Amino acid sequence: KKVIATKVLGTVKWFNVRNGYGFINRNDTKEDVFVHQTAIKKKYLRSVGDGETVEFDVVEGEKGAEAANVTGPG
RNA sequence: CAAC
């Protein structure tokens, strides 16, 4: 729950709706961050598309950094 | 729920 960064922009590398997670590449550091489906703000009410630009917070999850509050840019 |  510890917030590391906010209003980070990134590109969805892939998001798998069967597994319910994917990875976003941060535009500011070029590092991949894990994104779980429950972290996406609202058929797939919580999903993002491969190649999409998204805005998110980076928080400290159980297994390291992860995306939170994932939305479109702006 | 950590490389599909």
Side-chain angles (χ1 to χ4, degrees):
Chain A
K1 337 181 274 291
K2 192 160 303 179
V3 184
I4 300 167
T6 62
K7 301 176 190 63
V8 181
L9 291 165
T11 311
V12 177
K13 162 182 190 62
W14 56 268
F15 183 81
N16 186 296
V17 298
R18 172 182 107 167
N19 275 117
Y21 72 90
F23 291 91
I24 299 165
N25 190 260
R26 292 172 66 165
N27 292 347
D28 61 339
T29 65
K30 307 307 181 197
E31 289 297 313
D32 287 343
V33 286
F34 176 83
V35 52
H36 187 252
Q37 57 191 353
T38 57
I40 303 170
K41 287 194 191 176
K42 290 151 13 200
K43 303 303 286 186
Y44 309 110
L45 282 37
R46 302 185 188 260
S47 68
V48 291
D50 298 7
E52 186 177 3
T53 287
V54 291
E55 189 171 335
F56 53 99
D57 302 329
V58 179
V59 305
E60 196 63 357
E62 323 226 40
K63 301 157 179 53
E66 63 185 54
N69 300 318
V70 183
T71 66

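Here is how names work: the chains are called A, B, and so on, in the same order as the sequence lines, proteins then strands, and each is numbered from 1. Any value given below was found using the heavy atoms of this structure, including those in side chains, with hydrogens, waters and symmetry copies removed.
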Minimum side-chain heavy-atom gap A/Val70-A/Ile24 below 4.5 Å: yes

Residues within residues 17-44 of chain A bordering RNA chain B, heavy-atom distance below 4.0 Å: A/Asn19, A/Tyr21, A/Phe23, A/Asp32, A/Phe34, A/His36, A/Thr38

Quick one: label A/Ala67 by what it contacts on the DNA or RNA (base, sugar-phosphate, nothing), any heavy atom closer than 4.0 Å. nothing

A/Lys13 atom NZ is separated from B/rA2 atom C1', nearest whole Å, by 14 Å

Search all heavy atoms of A/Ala5 against all heavy atoms of A/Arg26 and return the closest pair with its distance. CB-NH2, 4.2 Å

Locate the shortest heavy-atom distance separating A/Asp57 from A/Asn69; write the atom from each residue and the value. OD2-ND2, 2.8 Å

May I ask you to decide if the ring planes of A/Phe23 and A/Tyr21 are parallel, tilted or perpendicular, using 30° and 60° as cut-offs? perpendicular

For A/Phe15 and B/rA2, give me the distance from atom CZ to atom P, rounded to whole Å. 13 Å

Sugar-phosphate only, base, or nothing, as touched by A/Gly61 at under 4.0 Å among non-hydrogen atoms: nothing

Do you reckon A/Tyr44 sits in the same ILVMFWY cluster as A/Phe15, going by side-chain contacts under 4.5 Å, direct or chained? yes

From A/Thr11 OG1 over to A/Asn27 CG, what is the distance, rounded to the nearest 0.5 angstrom? 4.5 Å

